Ligand code: SF4
Ligand code: SF4
Ligand code: SF4
Ligand code: SF4
């Protein structure tokens, strides 16, 4: 008879001994955030469909408008009608409501405040003094259980803890000056160093973003995207599940930071800022790095968003996991073959960055991310084809052979041996799927050992 | 177990289920126990008279110092007591002054024009482009799909009944900063006029006469946590769901606006959620005063969005709640303040806090509020003990569905949890396909 899936059992089977899995060498240096394809001058500008050179997201807007008017849900993809085309883009746009300039990357601005003191919630609760009372709990075992419980309440589908590896913290952040209003923000972005100093609390000066030396840990959250919607990549509904999850990330960071502060510790939110989420997720045991460059998780594959919070709260680090992703990516290459921009390498892992957008000195598959970004204005979205076609994104990967869990190789055979339907089909709260939602149930035993 | 078949079976013909008489008038929001001068001030445990929530704060502090999770409920240790209150305080992060009631302030903006998201997306012009869809059937499917993405566990549609819209809102002057908001609350008429868009003047909150519909969302609370009522973990699931309400309202208003229509958010403001929920078919009114749903009983929060978007109203539902509450009276016997009546339904309010003129069980809500400073939380014992709150009250006799008439905090922290406090044992009940959306 079929053994009922046990996600906790699976994670237990593939747990590693302690130690950062990421292999590095001496050319490794912290990475300036302005180097990402979204922000770097070499990659920021892209032509629209008329050949006008614009900020990438503005060229993409032009393509969204053109598709709506032509009754399309994506590049060369006709919608049922213009109404459906419009609806897909209205959903996507609305998804982004609690996110600033596509990622919330500016530290200590807007939603990403490094202190809770000015927040309306903190002000309301000030007479209780939770943010000023010394911690009543210092035991990292109890704290790990409390904070992971809180993280699930705050919308995380996965949560893990790691010691903070400063190699993955950006050397300089992209931000704006404190006196710049939102409407001028995209015009006034600057760089600001992130430094570690012997200070009691996270603080920002005119010159630096200062993280205390006592900032020991990072809490990493996985925010699951919707499979049916992502499978429409590169079309509009894949853009919508992406967008909604960014707003979920933001609410997670704020909720969790407030809990940690009210427990008597400090907490730094980040969403897409501060440091490299994939590396933190790997070290916290959410999953493994992959050819496409994302963290692949046992539960969702790469079809999951990441955010993280940094804290001095004593915690128990989780163990990394090795469930064989590296070995499958070595032989699969489906993402590389399907990628519309040929951004993803079919070659071996190296320590040498492909371009300025990669951080050299760590062993990974080196992808050309200027090529990736270049496809976004052409398609009018955020693509995601690589996530959509990855076999680990399918719900059906895990089987039990009577002794242990293993990955079903039939899912990796190549060749294997619409959007109206998504709007008319299965949905549930936050786009979560009740057929698989049991996989992320949590009891104390799986929160702390 | 099949929730879609259950709702289908108990569907009623069209028409508001709420019985009213000629005495019924719209209710001034200031009259609620939270805000009215007769009920607002309560003593703390030292005998000092303060705003009710400040006195309740004093009890939270006392409990933490004394290692308690609630009134006369010892925690495992002071650390656990602290953790429950930290979780509760954190839950409220996206909520203003306990309920987001001030209309067109903070998160509850009646236009999307100044929002950072609207500004970022302005070159696409979705909020300026006339609607491409006017068909109420397709719009109902689209907006309900969006509602589920936005965090609703239940969603329904009703024509807007203006009887449940507050005659006058509690709000603050528009240029008063948050830090002065509690001390500068005022009362402001909500009026319906022939105008193109929702608008606020110095004198009035103006809703257009074209505002035909209300979309009501149910946001499920956590059963294990609510069952700790009146202790701190019940406060925590309450708090987190208020921030979920807020995000729902903003997400869905933005979707509706980007579809070419206008949308008014509300959370606990603007009007009476229970009446809207009943008219939208989410559930039935109960003895305790809450909307009881087939899926969650009363253990579910409500919010609503008002719009001119053409929509298909849902049918009201009758699964026998009224007859059950007739003989049950469990909430009423367990209520720590004896706020809930054991008597029959009437059209006459017990005090200023009730809206007279509608047939309901009339409860004393000043008595309810009085228990919150004494216990240091938001109680919820009535929700906790209600048989409809229990996991599976639904059975099937081989032809149809029917109600089964037969029917610590450390362990909660150490026990089952899942994303947003939802339960995979029951999460299938709220799965949705087009056929159940419209
Ligand atoms: S598609 Fe194949 S090669 Fe690419 S990330 Fe997924 S498993 Fe790895
Ligand atoms: S998002 Fe699209 S263009 Fe970018 S790497 Fe993935 S498949 Fe290629
Ligand atoms: S406890 Fe009993 S009387 Fe009270 S609301 Fe529930 S079913 Fe009705
Ligand atoms: S919340 Fe508590 S005091 Fe208020 S009515 Fe319910 S049981 Fe009674």
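Protein chains in written order, with the deposited numbering: chain A, 1 to 417, 431 to 462; chain B, 5 to 411, 431 to 461.
Each residue gets a CB set at the ideal place from its N, CA and C atoms; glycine is no exception.
Residue i, enclosing beta strand (DSSP E) - first and last residue
i	result
residue 419 of chain A	Chain A lacks the residues between 417 and 431, and residue 419 of chain A is one of those with no coordinates.
residue 174 of chain A	172-175
residue 74 of chain B	72-74
residue 428 of chain B	Between 411 and 431 the numbering of chain B has a gap, and residue 428 of chain B falls inside it, with no coordinates.
residue 405 of chain A	405-407
Span of the alpha helix (DSSP H), counted from its first residue to its last, around residue i
i	result
residue 88 of chain A	82-95
residue 60 of chain A	56-69
residue 145 of chain B	140-153
residue 156 of chain A	Where residue 156 of chain A is concerned, there is no enclosing alpha helix (DSSP H), given that its DSSP letter is neither H nor E.
residue 436 of chain B	432-436
residue 42 of chain A	41-44
residue 125 of chain B	120-125
residue 325 of chain B	325-332
residue 419 of chain A	Absent from the coordinates is residue 419 of chain A, which sits in the stretch where chain A moves from 417 straight to 431.
residue 386 of chain B	385-389
residue 179 of chain B	Segment: none, residue 179 of chain B is in no alpha helix (DSSP H) and carries neither H nor E.
residue 446 of chain B	Residue 446 of chain B -> no alpha helix (DSSP H), and no H or E assigned at all.
residue 459 of chain B	457-460
Cβ distance (whole Å) where residue i is taken to contact residue j below 8 Å
i	j	result
residue 306 of chain B	residue 277 of chain B	4 Å
residue 247 of chain A	residue 112 of chain A	No, residue 247 of chain A and residue 112 of chain A are not in contact; Cβ-Cβ is about 13 Å, not under 8 Å.
residue 180 of chain A	residue 33 of chain A	About 18 Å; that fails the 8 Å criterion.
residue 352 of chain A	residue 333 of chain A	Actually they are not in contact, since the Cβ atoms of residue 352 of chain A and residue 333 of chain A sit about 20 Å apart, beyond 8 Å.
residue 140 of chain B	residue 314 of chain B	4 Å
residue 129 of chain A	residue 258 of chain A	Their Cβ separation, rounded to whole angstroms, is 14 Å, which puts residue 129 of chain A and residue 258 of chain A out of contact at 8 Å.
residue 82 of chain A	residue 164 of chain A	At roughly 49 Å, the Cβ-Cβ gap does not stay under 8 Å, so residue 82 of chain A and residue 164 of chain A are not in contact.
residue 358 of chain A	residue 343 of chain A	Contact doesn't hold; Cβ gap of about 12 Å is too wide.
residue 241 of chain A	residue 444 of chain A	6 Å
residue 75 of chain A	residue 378 of chain A	7 Å
residue 176 of chain A	residue 190 of chain A	7 Å
residue 323 of chain B	residue 407 of chain B	7 Å
residue 93 of chain B	residue 170 of chain A	Rounded, the Cβ-Cβ distance is 31 Å, inconsistent with contact.
Item to check | Residues, ordered as in the chain, of the region 161-184 of chain A that lie near chain B by beta-carbon distance below 9 Å | outcome: Residues of the region 161-184 of chain A whose Cβ lies closer than 9 Å to any Cβ of chain B, in chain order: 182, 183.
Checklist entry - Name the residues in the region 68-84 of chain A whose C-beta lies less than 7 Å from a C-beta of chain B; which are they? => result The residues in question are 82, 83.
Checklist entry - Would the region 210-223 of chain A and the region 153-160 of chain A be scored as touching if the rule is three or more Cβ pairs under 8 Å? => result The answer is yes - the region 153-160 of chain A touches the region 210-223 of chain A, with three or more Cβ pairs under 8 Å.
Checklist entry - Is there contact here, the region 303-319 of chain A with the region 258-272 of chain A, by at least three beta-carbon pairs under 8 Å? => result Yes, they touch.
Item to check | Contact list for the region 199-215 of chain A against chain B, Cβ threshold 9 Å | outcome: Answer in chain order: no residues at all.
Item to check | chain B contacts from the region 235-266 of chain A (Cβ-Cβ distance under 9 Å) | outcome: Listed by position, the residues of the region 235-266 of chain A near chain B (Cβ gap below 9 Å) are 240, 241, 244, 247, 248, 251, 254, 255, 256, 257, 258, 259, 260, 261, 262, 263, 264.
Item to check | Interface positions of the region 433-453 of chain A facing chain B (Cβ-Cβ less than 7 Å), listed along the chain | outcome: Residues passing the 7 Å Cβ filter: 436, 437, 438, 439, 440, 441, 442, 443, 444, 445, 447, 450, 451, 453.
Checklist entry - Which runs of the alpha helix (DSSP H), 4 residues or longer, sit entirely within the region 335-383 of chain A? => result Within the region 335-383 of chain A, the complete alpha helix (DSSP H) runs of at least 4 residues fall at 369-379.
Checklist entry - Name the residues in the region 127-142 of chain B whose C-beta lies less than 7 Å from a C-beta of chain A; which are they? => result Of all residues in the region 127-142 of chain B, 127, 128, 130, 136, 137, 142 have a Cβ within less than 7 Å of some Cβ in chain A.
Checklist entry - Enumerated in chain order, which unbroken segments of the alpha helix (DSSP H) with a length of 4 residues or greater are wholly contained in the region 252-308 of chain B? => result Those alpha helix (DSSP H) runs which fall completely within the region 252-308 of chain B and span 4+ residues are 277-283.
Checklist entry - Using 8 Å as the Cβ pair cut-off and three pairs as the minimum, do the region 227-240 of chain A and the region 385-395 of chain A touch? => result Counting C-beta pairs with one atom in each stretch, the region 227-240 of chain A and the region 385-395 of chain A have three or more that are closer than 8 Å, which means they touch.
Item to check | Given 8 Å, three or more beta-carbon pairs between the region 77-87 of chain A and the region 134-142 of chain B | outcome: Yes, the region 77-87 of chain A is in contact with the region 134-142 of chain B.
Item to check | Cβ-based contacts, 7 Å cut-off: residues of the region 276-299 of chain A near chain B | outcome: Within the region 276-299 of chain A, no residue qualifies.
Item to check | Cβ contact check for the region 199-218 of chain B and the region 351-365 of chain B: 3 or more pairs under 8 Å | outcome: The answer is no - the region 351-365 of chain B does not touch the region 199-218 of chain B, with fewer than three Cβ pairs under 8 Å.
Checklist entry - Three or more beta-carbon pairs under 8 Å between the region 198-210 of chain B and the region 102-122 of chain B, yes or no? => result Judged by Cβ distances under 8 Å, the region 198-210 of chain B makes contact with the region 102-122 of chain B, as three or more pairs qualify.
Next on the checklist: Under 7 Å, CB to CB, which of the residues in the region 20-53 of chain B have a partner in chain A?
Outcome noted: Residues of the region 20-53 of chain B with a C-beta less than 7 Å from any C-beta of chain A: none at all.
Next on the checklist: Which complete alpha helix (DSSP H) runs does the region 191-253 of chain A hold, if anything under 4 residues is left out?
Outcome noted: Complete alpha helix (DSSP H) runs here, min 4: 227-230.
Checklist entry - What residues from the region 92-108 of chain B come within 7 Å of chain A, judged by C-beta to C-beta, listed N to C? => result Answer set for the region 92-108 of chain B: 93, 94, 96, 97, 98, 100, 101.
Next on the checklist: Does the contact criterion of 3 or more C-beta pairs under 8 Å hold for the region 401-413 of chain A versus the region 63-76 of chain A?
Outcome noted: The region 401-413 of chain A, when compared against the region 63-76 of chain A, does not touch it at the 8 Å Cβ threshold.
Next on the checklist: Assess contact between the region 280-292 of chain A and the region 7-24 of chain A, defined as three or more Cβ pairs (one per stretch) separated by less than 8 Å. Is contact present?
Outcome noted: Yes, the region 280-292 of chain A touches the region 7-24 of chain A.
Next on the checklist: Would the region 433-443 of chain A count as touching the region 293-304 of chain B if we require 3 or more Cβ pairs under 8 Å?
Outcome noted: Between the region 433-443 of chain A and the region 293-304 of chain B there are fewer than three inter-stretch CB-CB distances shorter than 8 Å, so the stretches are not counted as touching.
Next on the checklist: Quick test of the definition: if touching needs 3 or more C-beta pairs under 8 Å, does the region 439-457 of chain A touch the region 96-104 of chain A?
Outcome noted: Result no; under three Cβ-Cβ pairs closer than 8 Å.
Checklist entry - Got a sec: which bits of the region 340-372 of chain B sit with their beta carbon under 7 Å from any beta carbon on chain A, in order along the chain? => result Listed by position along the chain: nothing, the set is empty.
Checklist entry - Using a Cβ cut-off of 8 Å, which residues of the region 106-125 of chain B contact any Cβ in chain A, in chain order? => result Correct list: 110, 119, 120, 121, 123, 124, 125.
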